[PDB]
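1. experimental coordinates for this protein are included below, preceded by the sequence.
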Amino acid sequence: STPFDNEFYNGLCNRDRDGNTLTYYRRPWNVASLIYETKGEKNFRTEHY
Amino acid sequence: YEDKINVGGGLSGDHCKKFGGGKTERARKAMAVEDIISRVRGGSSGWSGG
């Protein structure tokens, strides 16, 4: 789990305008920045002897 | 042959040989390698992976 407090914020709110739907989140001052880059991949391989 | 005195003679010879050899070798090999990779930077939390 988190070994520190992650709810505290310093000053003026920093917007987090990103995501699937139209919703605005908050970024705590403890976290420098969080992106919503949702990369995805999968692999497949076969071989015969 | 027989004349004044009799003389007898007899000889017989027979030889038979039969040799045989048989060899057969069979080998079969096959190899196939198929790999599939897919990377999508779509931008959806679920749909990009889906």
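-> Here it is on my side, so go on. Residues are numbered from 1 along each chain as shown, chains lettered A, B, ... in the order given.
2. going forward, measure contacts and count neighbours with C-alpha atoms only.
-> OK.
3. nearest to chain A within chain B, name that residue for me.
-> Using Cα to the nearest Cα, the point where chain B gets nearest to chain A is residue B:35, with a distance of 3.6 Å.
4. so what sits opposite that residue in the bridge?
-> Note on residue B:35: beta-bridge partners residue A:45, judged by DSSP bridges.
5. just confirm it contacts residue A:44, I think it does.
-> Yes. Using Cα atoms under 8 Å, residue B:35 makes contact with residue A:44 at a distance of 5.4 Å.
6. ok, the residue of chain B closest to chain A to residue A:43 distance?
-> Separation of residue B:35 from residue A:43 (Cα to Cα, to the nearest Å): 8 Å.
7. cool, and residue B:1?
-> Counting by Cα to Cα, the separation of residue B:1 from residue A:43 is 102 Å.
8. near chain A, which residues of chain B?
-> Counting by Cα under 8 Å from any Cα of the partner chain, the positions of chain B adjacent to chain A are B:29-45, B:48-49.
9. quick one: contacts for the closest residue to chain B within chain A?
-> When Cα to the nearest Cα is the measure, chain A has its nearest residue to chain B at residue A:45, with 3.6 Å between them. For residue A:45, the contacting residues are B:33, B:34, B:35, B:36, taking Cα atoms under 8 Å, 6 or more residues apart in numbering or on different chains as the criterion.
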